[PDB]
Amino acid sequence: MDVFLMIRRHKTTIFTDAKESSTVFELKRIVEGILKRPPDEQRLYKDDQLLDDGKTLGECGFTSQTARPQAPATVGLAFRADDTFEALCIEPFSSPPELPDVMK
């Protein structure tokens, strides 16, 4: 099965798909090709929880019901910076404006 994701770190968002059977490590290889950082310098998260490399995306909660093309699931990303890993930080999207009078 295909799962649809958003890999988010600070103000960067990667839109990608992967198999439910595929692993957290294979998702890191995808991030490595885009952001030029090896898997050892990356930490992936589902909410505040650090995901393990050998676990499948399905085992981490990424399924055809939660990770849809039109509503992808979020994977948090944190890079290593010198000695330590930086804290997980995801910049939110902008706030939509208030609904117009005629649209209420």
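Just so we're on the same page, rigid core means the largest C-alpha set that superposes within 1.5 Å between forms. Residue indices: 1-based, along the sequence shown.
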Return whichever of 90-98 or 76-84 has the larger RMS Cα deviation from the displayed form in 6 other deposited structures of this protein, where every structure is aligned on the rigid core.
76-84
Comparing 94-102 with 2-10, the higher average Cα temperature factor in the PDB entry belongs to 94-102
Do the CA atoms of 79-87 or those of 14-22 have the higher mean B-factor in the entry?
79-87
Would you mind ranking residue 28 by its C-alpha B-factor against the rest of the chain and naming the third, lowest, middle or highest?
lowest
Residue 46, C-alpha B-factor rank within chain (lowest, middle or highest third):
middle
Residue 72's Cα B-factor: lowest, middle or highest third of the chain?
lowest
